[PDB]
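# Chain and residue survey
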Amino acid sequence: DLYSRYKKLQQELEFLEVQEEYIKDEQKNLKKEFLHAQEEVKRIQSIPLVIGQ
Amino acid sequence: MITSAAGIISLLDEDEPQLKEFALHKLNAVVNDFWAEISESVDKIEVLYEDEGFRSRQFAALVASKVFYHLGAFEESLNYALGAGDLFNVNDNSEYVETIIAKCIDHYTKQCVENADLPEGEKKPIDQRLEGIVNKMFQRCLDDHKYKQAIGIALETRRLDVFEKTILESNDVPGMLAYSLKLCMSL
Amino acid sequence: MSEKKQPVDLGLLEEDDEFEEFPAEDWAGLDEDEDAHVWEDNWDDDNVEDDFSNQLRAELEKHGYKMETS
Amino acid sequence: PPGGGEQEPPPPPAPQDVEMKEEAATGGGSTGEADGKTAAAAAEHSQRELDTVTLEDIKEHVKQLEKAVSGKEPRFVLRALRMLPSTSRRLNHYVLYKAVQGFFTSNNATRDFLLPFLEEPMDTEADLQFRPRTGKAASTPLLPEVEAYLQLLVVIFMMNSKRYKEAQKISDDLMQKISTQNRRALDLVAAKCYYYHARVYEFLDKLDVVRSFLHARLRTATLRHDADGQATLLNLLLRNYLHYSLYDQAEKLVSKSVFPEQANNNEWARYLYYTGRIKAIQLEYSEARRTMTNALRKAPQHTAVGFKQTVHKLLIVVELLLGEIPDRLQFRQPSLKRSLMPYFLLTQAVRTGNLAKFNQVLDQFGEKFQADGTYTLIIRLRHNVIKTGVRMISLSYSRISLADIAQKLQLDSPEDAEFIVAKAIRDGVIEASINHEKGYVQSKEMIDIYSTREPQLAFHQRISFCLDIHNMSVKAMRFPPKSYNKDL
């Protein structure tokens, strides 16, 4: 238990280390989707329209 | 004793080492006080260490091994601490010895991992004195095994007969094999 | 740490114990004309002022005599 | 008799509420804060501890408490002692022992109960569980209070406090490496202690034991440190090397290491003032000027007046060497003024550059700036006056006459004129065209700036460096938001 915490903890080192490139992928992809949906809802607003009050 | 003494540089840069031996012996006393003062004589220490002229390669390799890790990386100090040949040194609680055996074990099992995946072919040469000084303090830990580090360090070294002698004198054999496989299944 | 300021403040107490309110009042004779004035300009005005304090302080009254001689 | 006899008991219990509430808020707040996860939550009470030390540095606590008011000395923590569980009766004892001394009177002393301070740390410091953080957080705050007033035969008592501190925890340590918030705090606590009795060290003794042991304790600090506490421990070594060490073969250009994040929000100012003080003896013109002026502009938190007068004094002293001496313009404080009053006449006399008169003016009333020691940079200034003057000539017109400007420079001779002017040309800080046609020495003195003269190569490194500093400032505005959203 005393000495096993090192090598047992290394599995948590790998499990937490593997999340770096993952959160890189999410933060680099979800903003591309943010500008995709942003331009998609932006292009809905068209110039030809009716004027009310 | 001395702090800014520069005469030891001229004595180290001089021939007839019968005066260099006691000058280095007194240098080992003030080396912990001032390690940076030897940086000017490091080159000459390497010069007198590479050649076989000087009779005591451990007097040079110990000074270099205790000034390199104080100056730069632990690799260059480790090459001369492991390259010091026969070294008579008892177990001590000093920072130097515990750091050179700490990096010695860390790089030892590092080479054991670099050579564990290649059983045959292009096998890297491993010096026997590394096995001597690792298995010496290792057996010192294996006096009673402390029932915690036997299978742990025995598994980290990736060696074949390192753990067969551990289970010889051991209490609660089913607990040692159950704890052993428990540690093996979690790595 | 901020604990090394104590001996420096003791040196300031020795400098203040050299002259007791002598530079505050004697220098205050000029500070009363320097108070509330921008001290950035006082470096140039004090530079040329102290520069001309030895000789040729004004020198504007002498140009009328230096016109015919030079 | 009726004035002080009737108005005597109002004063004493004035700091009692803020000192008891302060030690209970920082003690119970720190222990009760990091008690669950000491290793997880780190550096939350560091700024609190240093802000309380700098807040208590100007305490006027002890002015009359020597006469039967020293009852605060025999008391101590007494928090959950002698037993870790079942602390309810001790919760009652917390009010009991504080209430016993307040019924009629109290038997008190000043120098009697000083040595037997190790009675509790032999068995249980506070609770036998949090011994390190409660041992240092218990002993280290109250010890400088009793150890105040260093004079009057307290030096021996301070030595007793030394051997008590080392003997209890820091002979080596209590456990080899605490490796927690009380370890990283213990670095600056033991360091601050070393600055506390550093006056005792430099008072009559010198370096042959403790600061020499600070190398073994300095590298025993593990090399994996952030080098904050290790660097603060290096500050006392460099200050010990400041007055008289004088060897430059090791710490100069060998002490220079990887340089980890060593800021402390003060250590750039005082540490950079130290390395600039040591780098100020070789007459550094480019580096120590900008970095030491920056260090002058740093550390505005507590005081920028009482301490910056020395880095300002050395700053202008090394600024007048280049010929251009900027005086005090943007800072208004009545400390640098009085500090600069004796030096003002000569620092204004540098630009005019009169040799014979100002040479007598210096030693005439010169007491402190020449009594500072070894008169090195002023004995270099006595012959640097002519070099700053001939540099003003380099800032002046090109043609050099034999009578007008030579007589003006107090040097009327043909050989030494071109010889010393050539000694100013070989420096490389100016530009001149040495030509001899009829005997007169000309010069092109082209000081035209890089405007329309190779601009890309001129401010190229300016763009790269400015974008590097502003871009690491962009990192300095990206990472702190992560340190904000880390907890939520």
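Cut-offs used in this document
- In this view, residue numbering begins from 1 on each chain in the order the sequence is written and may differ from the entry, while residues that lack coordinates are not shown.
- As they are written, the chains are lettered A onward and the ligands numbered 1 onward, keeping that order.
- These chains belong to a larger assembly; the numbers reported describe only the chains shown.
- By convention in this description, side-chain values take in all heavy atoms of the structure and omit both hydrogens and water.
- Here a helix means four or more residues in a row that DSSP labels H or I, a strand means two or more in a row labelled E, and each is numbered from the N terminus.
- Restricting the calculation to C-alpha atoms gives the radius of gyration, and the globule rule supplies 2.2 Å times the number of residues raised to the power 0.38.
- Computed by Shrake-Rupley with a 1.4 Å probe, the accessible areas treat only the displayed protein chains as cover when residues are assessed.
- Counted as positive: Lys and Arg. Counted as negative: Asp and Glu. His and the chain ends are not counted at all.
- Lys charges are placed at NZ, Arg charges at CZ, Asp charges at CG and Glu charges at CD.
- Any residue under 20% of the maximum accessible area for its type is buried, any over 50% is exposed, and the rest in between are partly exposed; the area is computed with a 1.4 Å probe on protein chains only.
- It only takes one pair of heavy atoms within 4.5 Å for two residues to be counted as in contact.
- Accessible-area loss on putting two parts together, using a 1.4 Å probe and summing over both, is the definition of buried area adopted here.
- The rule for a salt bridge is simple: a side-chain nitrogen of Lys or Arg has to be within 4 Å of a carboxyl oxygen of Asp or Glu.
- We call two N or O atoms a polar contact when they sit within 3.5 Å, provided that within protein one can donate a hydrogen and the other can accept it, with sequence-adjacent residues counted only if both atoms are side-chain atoms.
- For our purposes a nonpolar core is just a set of buried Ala, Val, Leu, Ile, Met, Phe, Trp, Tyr and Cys residues, chained together by side-chain atoms within 4.5 Å.
- Two distance rules govern patches: like charges are joined within 9 Å, and nonpolar side chains (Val, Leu, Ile, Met, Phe, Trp, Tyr) within 5 Å, applied only to residues with over 30% relative accessible area and no salt bridge.
- The span you would expect from a helix comes to 1.5 Å times its residue count less one.
- UniProt positions are given in the numbering used here, feature names are shortened, and annotations may be inferred rather than shown by experiment.
- Angles shown run from 0 to 180 degrees and are taken between the N-to-C directions of axes, each axis being a line fitted to C-alpha atoms and, for helices, limited to the stretch in contact.
- Roughly parallel covers angles under 35 degrees, roughly antiparallel covers those over 145, roughly perpendicular covers 65 to 115, and oblique covers all other angles.
- The hand of a helix crossing depends on one turn: near helix anticlockwise from the far one by less than a right angle means left-handed, and clockwise means right-handed.
- Just so you know the grouping, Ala, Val, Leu, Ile, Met, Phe, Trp, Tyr, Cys and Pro go in nonpolar, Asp, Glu, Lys and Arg go in charged, and all remaining residues, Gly too, go in polar.

What the deposited record gives as its method is cryo-EM, and the resolution it gives is 6.1 Å.

## Notes on the overall build of chain D
Tallying secondary structure elements over chain D gives 21 helices and 0 strands in all. A compact globule built from 488 residues would reach a C-alpha radius of gyration of about 23 Å, whereas chain D, at 30 Å, exceeds it by more than 25%. By its C-alpha atoms, chain D is 105 × 60 × 40 Å across when sized along the principal axes. Total accessible area computed for chain D in this model is approximately 31700 Å², and 59% of it derives from carbon and sulfur atoms. Positive and negative charge centroids in chain D, built from 66 and 58 side chains respectively, lie 2 Å apart.

## Details of the side chain of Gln442 of chain D
All names here are of chain D. Following the sequence through the fold, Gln442 ends up in the loop between α20 (414–425) and α21 (455–485). Owing to a relative accessible area of 17%, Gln442 belongs among the buried residues under this scheme. Look past the residues within four positions of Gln442 in its chain and what remains in contact with it is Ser398, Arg399, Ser433, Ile434, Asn435 and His436.

## Thoughts on the arrangement of the chains
When the 3 pairs of chains in contact are compared, the highest contact count belongs to chains C and D. There is a clear gap between chain A and chain C: no contact, and 37 Å between their nearest C-alpha atoms. Chain A shows no contact with chain D. Their nearest C-alpha atoms sit 14 Å apart.

## Structural notes on the environment of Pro13 of chain D
Mapping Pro13 of chain D onto the fold places it in the loop between α1 (2–6) and α2 (16–34). With 56 residues separating them along the chain, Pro13 of chain D and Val69 of chain D place their C-alpha atoms 9.5 Å apart.

## Quick word on the interface of chain B and chain D
Tallying the contact residues gives 13 residues for chain B and 11 residues for chain D. With both sides pooled, the region where chain B packs onto chain D buries about 1200 Å², and carbon together with sulfur makes up 58% of that total. Applying the counting rule to chain B against chain D returns 0 salt bridges. Across the contact surface, chain B and chain D share 1 residue pair in polar contact.

## A closer look at the nonpolar core
All names here are of chain D. Grouped together as the largest cluster of nonpolar side chains are 25 residues, with contacts concentrated most on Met292, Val318, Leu320, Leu321, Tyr343 and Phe369. Listed by contribution, the elements that provide at least two residues to this core are α13 (267–278), α14 (287–297), α15 (308–319), α16 (336–352) and α18 (376–394). It is α15 that provides the largest number of residues to this core, a total of 6 residues. Excluding its chain neighbours within four sequence positions, the residues that come into contact with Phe369 are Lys313, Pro342, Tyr343, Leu346, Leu362 and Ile378.

## Quick look at a positive patch on the surface
On the surface, a cluster of positive charge is contributed by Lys28, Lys31 and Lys32 of chain A together with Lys475, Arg478 and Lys482 of chain D. Within the residue set of the positive patch, elements represented by two or more residues are α2 (19–42) of chain A together with α21 of chain D. Locating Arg478 of chain D in the fold gives a position in helix α21.

## Observations regarding helix α4 (residues 57–71) of chain B
Here α4 of chain B is 15 residues long and its end C-alpha atoms lie 21 Å apart, about the 21 Å a rise of 1.5 Å per residue gives. Residues of α4 of chain B that are buried make contact with α2 (20–30), α3 (42–50), α5 (74–81) and α6 (95–114) of chain B.

## What about the UniProt feature "domain: PCI" in chain D?
In the numbering used here, UniProt assigns the "domain: PCI" feature to residues 269–448 of chain D. Taken as a whole, residues 269–448 of chain D contains 54% helix and 0% strand, while its terminal C-alpha atoms sit 36 Å from one another.

## Topic: the packing of α2 of chain B against α4 of chain B
All names here are of chain B. At a minimum axis separation of 11 Å, α2 and α4 run at an interaxial angle of 25°. The angle between α2 and α4 falls in the class roughly parallel. The interaxial crossing formed by α2 with α4 has left-handed handedness. Taking contact as the criterion, the partners of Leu24, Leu27 and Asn28 in α2 are, on α4, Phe59, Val63 and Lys66. Tallied by class, residues from the contact of α2 with α4 come to 4 nonpolar, 1 polar and 1 charged.

## Some thoughts on the interface of chain D and chain C
At the interface, 33 residues of chain D touch 24 residues of chain C. Regarding the contact of chain D and chain C, the summed buried area is about 2800 Å², with carbon and sulfur atoms giving 53% of it. Taken together, the connections running from chain D to chain C amount to 0 salt bridges. Listed by contribution, the elements that provide at least two residues to the side of chain D that touches chain C are α3 (46–56), α8 (181–196), α13, α15 and α16 of chain D. Examining the composition of the side of chain D that touches chain C, we find that 9 residues originate from one element, α16 of chain D, more than from any other.

## Considerations on the packing of α3 of chain B against α4 of chain B
Residues and elements named next belong to chain B. Direction vectors running N to C along α3 and α4 enclose 145°, while the axes themselves pass 10 Å from each other. Between α3 and α4 the crossing geometry is left-handed. Residues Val42, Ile45, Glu46, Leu48 and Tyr49 of α3 pack against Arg57, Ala60, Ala61, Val63, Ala64, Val67 and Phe68 of α4. When its residues are assigned to classes, the contact of α3 with α4 shows 10 nonpolar, no polar and 2 charged.

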